[PDB]
Amino acid sequence: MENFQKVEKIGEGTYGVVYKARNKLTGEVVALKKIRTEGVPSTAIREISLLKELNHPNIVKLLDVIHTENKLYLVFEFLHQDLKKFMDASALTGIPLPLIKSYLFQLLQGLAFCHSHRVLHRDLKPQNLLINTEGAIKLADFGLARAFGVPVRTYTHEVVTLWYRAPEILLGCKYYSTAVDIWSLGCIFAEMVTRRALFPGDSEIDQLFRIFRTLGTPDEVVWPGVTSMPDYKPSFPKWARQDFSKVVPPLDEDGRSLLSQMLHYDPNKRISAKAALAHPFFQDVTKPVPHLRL
Ligand SMILES: NC(=O)c1cc([N+](=O)[O-])ccc1NCc1ccc(O)cc1
């Protein structure tokens with residue numbers, strides 16, 4: 001709009017183009033997201049508007065929702081870097097364990113807050129985890145998935161990443177629960193530790209089979225009800241579960257314990273954000289400041 005002087009093109013999310021913009025008046029620097037079509041559902045705008053009240057230090061603030069000419073703009077507080085970029089920049093030496101722990105602890109606080117307010121993310125990934133020079137990390141796009149929906153790609157021929165998708169979503173479950181976010185975060189925690197994606201599937205089935213190959217093909221024993229799920233097939237190969245010690249070496253037993261609880265197959269057995277915060281892994285948590293090159 002004419003109220004913003006597009007500084008640059010921050011990128012192209014799974015909803016639309018994102019710009020770093022400066023408020024001509026306030027001078028405020030923000031992230032402006034133009035949402036993808038021909039009318040804008042009033043149900044969507046109401047849902048979105050509710051999110052302006054969902055404020056927490058570990059949640060990227062949604063400053064404004066602007067509906068105009070079949071176009072919807074979301075104005076968000078701006079942060080200089082995402083975790084995907086930071087991990088790549090830290091690929092040679094790895095992110096120090098104290099910082100990994102701090103980030104996981106903060107992300108869990110953010111999740112606990114949203115979940116206590118009955119708001120789910122549903123599409124957590126390194127790119128929507130934003131960080132600043134203060135050692136803070138925040139979750140971006142909370143609640144957008146429900147307020148809207150999800151197509152085959154993003155909106156314009158852009159492959160949607162499935163690497164962080166919970167198995168219940170992959171097996172066709174129609175009702176998501178807060179557990180899907182814990183799964184995604186577990187996958188991200190593993191990636192920060194090993195410096196490699198945990199389950200980098202390139203198709204829905206490859207995603208599911210990569211999970212099965214590591215955690216074992218689920219059955220009625222570990223996941224009651226799994227064989228009755230929409231896309232479950234009796235023909236799925238039966239893989240034995242691997243040792244966590246081989247999954248995220250050289251993570252210590254406190255870390256491996258927490259991760260295994262975040263990756264339980266049964267959404268109901270999967271640990272909650274609130275409960276994870278009390279896990280012994282965080283007994284010595286601190287808040288280190290990252291070396292950020294902007
Ligand atoms: N709220 C935000 O600040 C932000 C928003 C989205 N987004 O998709 O809504 C993506 C990245 C973001 N910042 C990190 C960033 C900043 C500058 C860059 O050049 C690249 C990444």
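Below, all heavy atoms of this structure are taken into account, side chains as well, without hydrogens, waters or symmetry copies. Each residue takes its place number in the sequence, starting with 1.
Judged purely by atom type and a 3.5 angstrom limit, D181 has no side-chain atom pairing as donor or acceptor with the backbone of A179. A donor-acceptor distance shorter than 3.5 angstrom exists from the side chain of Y265 to the backbone of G216, with no hydrogens or angles considered. No donor-acceptor pair closer than 3.5 Å links the side chain of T154 to the backbone N or O of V160. A donor-acceptor pair is defined here as one N or O able to donate and one able to accept, closer than 3.5 Å; such a pair exists between the side chain of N58 and the backbone of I137. Here the side chain of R165 pairs a donor or acceptor atom with the backbone of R122 at under 3.5 angstrom. Using a distance-only test at 3.5 Å, with no hydrogens or angles considered, a donor-acceptor pair links the side chain of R270 to the main chain of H264. At distances below 3.5 Å, not a single donor-acceptor pair connects side-chain atoms of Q261 with backbone N or O atoms of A276. Remark: side-chain polar atoms of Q109 are not paired, donor with acceptor, to backbone N or O of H56 under 3.5 angstrom. No donor-acceptor pair under 3.5 Å is formed between the side chain of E168 and the backbone N or O of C173. When atom types are taken as modelled, the side chain of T194 and the backbone of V248 share no donor-acceptor pair closer than 3.5 angstrom.
Taking CG of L107 as the reference point, atom CG of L277 lies at 10.5 Å (rounded to 0.5 Å).
In the hydrophobic clustering of ILVMFWY residues, with side-chain heavy atoms under 4.5 Å counting as a link, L79 and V75 come out apart. Linking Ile, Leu, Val, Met, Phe, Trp and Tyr whenever their side-chain heavy atoms come within less than 4.5 Å leaves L171 and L120 in two separate clusters. Under a hydrophobic clustering in which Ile, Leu, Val, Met, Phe, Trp and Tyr are joined whenever their side-chain heavy atoms come within less than 4.5 Å, directly or via other members, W163 and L104 fall into the same cluster.
One finds a salt bridge joining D284 and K101 here, because a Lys/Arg side-chain nitrogen approaches an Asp/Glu carboxylate oxygen to under 4.0 Å.
The local environment of CZ in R195 is crowded, with over 12 non-hydrogen atoms from other residues, nucleotides or ligands closer than 6.0 Å.
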* To do: Give the C-alpha distance, both sets of side-chain angles, the deciding distance and a yes or no for side chain to side chain contact (heavy atoms under 4.5 Å, CB included) between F281 and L259.
  => CA-CA 10 Å; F281 179 68; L259 181 64; over 6 Å; no
* Working for side chain to side chain contact (heavy atoms under 4.5 Å, CB included), residues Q207 and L170 -> CA-CA 8 Å; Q207 186 60 40; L170 296 171; 3.6 Å; yes
* To do: Begin from the C-alpha positions of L144 and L74 and carry the test side chain to side chain contact (heavy atoms under 4.5 Å, CB included) through to its verdict.
  => CA-CA 11 Å; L144 300 190; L74 295 183; 4.0 Å; yes
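Relative orientation of the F199 and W183 rings is parallel, given thresholds of 30° and 60° on the angle between their planes.
For the 3.5 Å distance criterion, the side chains of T214 and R210 fail to qualify, holding no donor opposite an acceptor. Side-chain N/O atoms of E47 and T43 include no donor and acceptor closer than 3.5 Å.
Both tests pass for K6 against the ring of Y19: distance under 6.0 Å to the centre and angle within 45° of the axis.
Of the candidates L124, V119, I59, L111 forms a side-chain contact (heavy atoms from CB on, under 4.5 Å) with just one, namely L124.
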